[PDB]
Structures are given as structure tokens and as C-alpha cells.
Ligand SMILES: [Zn+2]
Ligand SMILES: [Zn+2]
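In UniProt numbering, the protein residues as written are 734 to 810.
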């Protein structure tokens, strides 16, 4: 584990770790869920990133950050 970083400056959903926190600064800047890529609005963003259930699944995956994946939105083909 690592020391918990600052709150997301875009959706206000507190990130657990640095990977989750950067990913957030990235998808919230485009109002897309960090976890389900729901393509929110700038006022749907805070309410949805606060309530998404895929958030918990991906973030329980970030507790096992030792794995290969970080941001499943950057790998494309
Ligand atoms: Zn955010
Ligand atoms: Zn979501």
C-alpha cells in the first residue's frame, strides 16, 4: 500500500492511490467515469463518480497494483 493522495479536483471522488488519482484527473477532465467510461456531463460527473459500482471493483484491483494493468483506456488496437 501507499499514502492516500489528494481529492479529485474535478468529480470530488477521493482517489485511493496515485494511479487511480491520475486516471481520475484524466477522465474527469473529459467527464467520463474512471471505471465504466459512462461519458457523463460536467455536473453528472460528481454524482456518478460518487455512486458508480465499477469504481469499487477497479479500485479493489488497485489494492493489488502489483498487476499489469493501470488505465484500461490507454491500450487500443
Ligand atoms: Zn475524479
Ligand atoms: Zn462509472
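Ideal Cβ placement from N, Cα and C applies to all residues, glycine included.
Closest in C-alpha terms to residue 788, from the list 804, 800, 735, comes 804. Residue 786 has its alpha-carbon roughly 21 Å from the corresponding atom of residue 742. In the DSSP assignment, residue 788 falls within the unbroken alpha helix (DSSP H) covering 787 to 795. Residue environment for residue 808: exposed (fewer than 16 other C-beta atoms within 10 angstroms of its C-beta). Short note on residue 757: C-beta not closer than 8 Å to any heavy atom of ligand 2. Remark: C-beta atoms of residue 752 and residue 783 do not approach each other more closely than 9 Å. Annotation for residue 767 indicates a beta carbon within 8 Å of some heavy atom of ligand 2.
Taken from the Cβ of residue 748, at least one heavy atom of ligand 1 lies inside 8 Å.
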